[PDB]
Amino acid sequence: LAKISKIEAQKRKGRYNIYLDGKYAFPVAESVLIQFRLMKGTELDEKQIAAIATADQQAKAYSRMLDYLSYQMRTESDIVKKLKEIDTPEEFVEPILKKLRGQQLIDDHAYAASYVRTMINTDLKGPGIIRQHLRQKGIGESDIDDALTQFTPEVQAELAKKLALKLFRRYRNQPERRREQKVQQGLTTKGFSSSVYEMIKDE
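What the entry reports as its method is X-ray crystallography, with 2.35 Å given for the resolution.

S.K.: Hey, could you run me through the pattern of salt bridges in this one?
M.R.: Tallied over the full model, the rule gives eight salt bridges. Notably, a salt bridge pairs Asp56 with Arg15, separated by 2.8 Å at the nearest N-O pair. Of this pair, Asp56 sits in helix α2 (residues 46–69) while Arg15 sits in strand β2 (residues 15–20), and the two are 41 residues apart along the sequence. For the residue pair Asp56 and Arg15, the accessibility class agrees, reading buried in each case.

S.K.: Would you take a moment to explain helix α8 (residues 153–170) for this structure?
M.R.: Along an α-helix, residues three or four positions apart point the same way, because every turn accommodates 3.6 residues. Under the 1.5 Å per step criterion, the end-to-end length of α8 is 24 Å for 18 residues, consistent within 8% with the ideal 26 Å. Buried within α8 are the following residues: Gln156, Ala157, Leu159, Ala160, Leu163, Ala164, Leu167 and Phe168.

S.K.: I tried to follow the domain arrangement of the protein chain on my own but got confused; where do I start?
M.R.: Interface size is often expressed as the accessible area that is lost when the parts come together. Here the domain parsing of the protein chain yields domain 1 (1–106), domain 2 (107–151) and domain 3 (152–203). Spacing between the C-alpha centres of domain 1 and domain 3 amounts to 55 Å.

S.K.: Any chance you could explain the environment of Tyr24 here in plain terms?
M.R.: Within the fold, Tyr24 resides in strand β3 (residues 23–29). Overall, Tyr24 belongs to the partly exposed group, its relative accessible area being 44%. In the structure, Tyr24 is positioned 18 residues away from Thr42 in sequence and 14 Å away in space, judged by C-alpha atoms. With sequence-adjacent residues up to four places away left out, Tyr24 is seen in contact with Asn17, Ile18 and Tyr19.

S.K.: Got a minute to help me understand the nonpolar core in this structure?
M.R.: Judged by nonpolar contacts, the single largest core of 28 residues is most densely connected at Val116, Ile130, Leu134, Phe151, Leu187, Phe192 and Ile200. Within the residue set of this core, elements represented by two or more residues are α5 (108–122), α6 (127–136), α7 (141–147), α8, α9 (176–189) and α10 (194–200). Not counting chain neighbours up to four residues away, the residues in contact with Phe192 comprise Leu124, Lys125, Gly126, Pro127, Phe151, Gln156, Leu159, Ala160, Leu163 and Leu187. In terms of nonpolar packing, the next biggest core, distinct from the first, is built from 15 residues, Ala2, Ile4, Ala29 and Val32 among them.

S.K.: Whenever I open this one, the layout of surface pockets confuses me. Can you help?
M.R.: Empty space within the largest pocket amounts to approximately 180 Å³. Lining the largest pocket we find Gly14, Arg15, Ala29, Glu30, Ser31, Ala59, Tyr62, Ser63, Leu66, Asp67 and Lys99. Elements represented by at least two residues in the lining of the largest pocket include exactly α1 (30–35) and α2. If you tally residues by element for the lining of the largest pocket, the top one is α2, at five residues. Looking at the lining of the largest pocket residue by residue, the classes come out as four nonpolar, three polar and four charged.

Conventions adopted
Residues numbered from 1 in each chain as written, not as in the entry; some residues may be left out. Heavy atoms only, no water. Salt bridge = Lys/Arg side-chain N within 4 Å of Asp/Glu carboxyl O. Helix = DSSP H or I, 4+ residues; strand = E, 2+ residues; numbered from the N terminus. Buried < 20%, exposed > 50% of the residue type's maximum accessible area, 1.4 Å probe, protein only. Expected span 1.5 Å × (residues − 1). Domains from an automatic or database assignment. Contact = heavy atoms within 4.5 Å. Core = buried A, V, L, I, M, F, W, Y, C linked by side-chain atoms within 4.5 Å. 1 Å grid on protein atoms, 1.4 Å probe; cavity = no way out; pocket = protein on both sides within 12 Å on 5 of 7 lines; lining within 4 Å. Points joined across faces, edges and corners; volume = space filled by probe spheres on them. Nonpolar A, V, L, I, M, F, W, Y, C, P; charged D, E, K, R; others polar.

This is how it looks when you write it as C-alpha cells:
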C-alpha cells in the first residue's frame, strides 16, 4: 500500500498537498483530511483514495456555497438552485443542505420574516401576493403565516390606502362605478382581502 511521506499546507489556508512515498499525490480540503484521519505514515488502497476524492469534491462544493452565502441572504431554494447551477452531483445536494443547515448558515424562517419586513418598508403588496411569492421561494405555509403576522390590519390599511389613492389617481379618467371597481379589484389582485376596501373607502 502507498504511505504518506509528507503533508504540506498550500499557500492559502484550508487545503493540503499529500505526498505518497516521497511524491505529490493529491490535495484534500481540511474536512476530508480529518474525515479520513490522514497523517504521515497512513496507508491507502485505491477504494480509499477514490472515496477521498469524492469527499473532496463534496467539500469543495460546500466551500463554494460558503462564498455564495458571504455576499447576501439566501433561502434554501437559492442554495439548491445554486448547487444545480454549478452542476453539483445530485447525491451531494441533500448532504450539503443538511450540513449548511446544521451550521445554521441557511434559515428560511428568518428569511421569510426579513422579506416581509422589507416589503412593508419598500412596497405596496398585500398578504395574498406575499404568501404567493414565498410559496414560490420554497417556504412552507407555517413559516409564511409566521412572517405574515407583521402584516397587521393597521399595516394593511396603511399600505392599501396608499395603493388605493394611487389607483384612484391612475384611473381618474374612468366613470364612478368603473373607477371604484378597478380600485377594489386592484387591491384584491395585490393580495388584500375584500374586507380591507370596506375599511378605507371613505378615505
